[PDB]
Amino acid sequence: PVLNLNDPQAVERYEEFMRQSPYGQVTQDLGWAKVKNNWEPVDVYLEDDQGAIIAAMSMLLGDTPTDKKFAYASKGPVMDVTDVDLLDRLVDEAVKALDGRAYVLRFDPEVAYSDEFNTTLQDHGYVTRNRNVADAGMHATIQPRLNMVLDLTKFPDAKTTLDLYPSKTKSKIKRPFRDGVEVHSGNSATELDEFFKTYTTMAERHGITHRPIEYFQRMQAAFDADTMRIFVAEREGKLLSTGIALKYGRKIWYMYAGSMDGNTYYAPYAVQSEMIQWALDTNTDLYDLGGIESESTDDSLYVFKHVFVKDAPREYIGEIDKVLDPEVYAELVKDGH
C-alpha cells in the first residue's frame, strides 16, 4: 500500500518498522523528507499475512528538465534487497504509487556488490550502475559506492575506542587529547552554530560546495538527541573541528564535518574517537565513516578514514534503476558505455 502521510497512526506504524528493522537507514526515515523539503515524498510498504509491515520504501521525487520527476529512495528500500522477488513486489507497489509521474525509480541500498546479485537484478529488468560507471569517479553515483565501515561486532569486549586499534593508532588518537583538545556534544542550536562555522570554513578552503544552515536546522528539528549528535572539538576555548553523526538501524554514521584553517591539533581524530565511543556505548554494530573515491593513498578521504578502518572499504551494489520512461531515461542517464 501507499502510506497516507496525513494519518499519524499509519505514519507511526511505518516509523516503527523503519526504526526497528536491521535494514533501517536514516535516509529512509520519514524525517528525511523534512530535511529534503524541496522534494516530494511518496512512501510505500508491504505487509505479511498478519497485516504487519515487512518491507518499506521511502521515495523523494525531484524535478528534472523534462516533464517527468526523478524518484529516488536513498539507501532504500528497507528490507533484504537480495530477496529479489520480494524486492519486485515492493517496487511494483512503488511504481503504482508514482502513477506515471517519474521516469525512473532509483534505489541505492547498502548491500555489497557481487556479480551474482548484479546479474540477478539485470535479469529482473533493472538497470544497474556500479562498476560500469566507476571511471567517472566518486560522483558517478549520487552516494559514494565505496565506503569505510568499522564492524564493531569483531570486538565484542571493547569498552573504549582505543581497544579497537593497534598501538601505532592508539598513539594517533591519544595525541589531540594529550595536547588539550576537548570534545563536547549535543543537538542544540549552539552546537549547530559551531559545526556551521567549521563547515563553511572547510568548504571555502577545499573549494567545494556546501549546504545552507537551514538543511541542518531541519535535520535537528526532525531527529532527537539520541539519533543526531554534533561533536565539537576545542582547545582552551578555541574552536577546531566538528562532526555530525546519526545513529539509526545497525550503524552510527559520521555524515558531515568541518575544521578550521591551519593547525587543528588533530582535533578531527578526537571527534572520530568520541563518535566511535558513542557506537560502543550504545552496542551499535557498525560505525560508518562514509565515502571515498578510491582505495588509494592518492585519495585524501581514504588516507584519513584508513586511520580508523583497517579493513577494505565496503563496495556496494550502486544504483538500481527501475526504468519507467525509457525515452527520458536515455536523455538523462548515461550508462558508462
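Superpose the two forms; the largest set of C-alphas matching within 1.5 Å is the rigid core. We number the residues from 1 along the sequence you see.
Undergrad: What stretch shows more C-alpha movement in 6 other deposited structures of this protein relative to this form, 102-110 or 257-265, after the core is superposed?
TA: Farther on average in 6 other deposited structures of this protein: 257-265.
Undergrad: I'd like to know which segment deviates more from the shown structure in 6 other deposited structures of this protein: 146-154 or 207-215, using C-alpha RMS over all structures and residues after a core fit.
TA: Evaluated in 6 other deposited structures of this protein, the stretch farther from the shown form is 207-215.
Undergrad: If you take the mean CA temperature factor per stretch, which one wins between 212-220 and 172-180?
TA: Higher of the two, by average CA B-factor, is 172-180.
Undergrad: Once you work out the mean C-alpha B-factor for both 131-139 and 104-112 from the entry, which is higher?
TA: So the stretch with the higher mean C-alpha B-factor is 131-139.
Undergrad: Just grab whichever of 43, 285, 288, 295 has the top CA B-factor as deposited.
TA: Answer, based on the entry's C-alpha B-factors: 295.
Undergrad: According to the Cα B-factor stored in this entry, which of the following is highest: 198, 263, 167, 120?
TA: It is 263.
Undergrad: Sorting by Cα B-factor within the chain, modelled residues only, which third would residue 274 end up in: lowest, middle or highest?
TA: For residue 274, whose C-alpha B-factor we compare with every modelled residue in the chain, the answer is the middle third.
Undergrad: Looking at the temperature factor on the CA atom of residue 254, which third of the chain's modelled residues does it land in?
TA: Middle third, going by the recorded CA B-factors of the chain.
Undergrad: Using the B-factors in the PDB entry, rank residue 188's C-alpha atom against the chain and give the third, lowest, middle or highest.
TA: Highest third of the chain for residue 188's C-alpha B-factor.
Undergrad: Going by the recorded CA B-factors, say which third of the chain residue 300 sits in, lowest, middle or highest.
TA: Its C-alpha B-factor, which the entry lists for residue 300, ranks in the highest third among residues of this chain.
Undergrad: Based on the entry's values, in what third of the chain does the Cα temperature factor of residue 34 lie: lowest, middle or highest?
TA: Its C-alpha B-factor, which the entry lists for residue 34, ranks in the middle third among residues of this chain.
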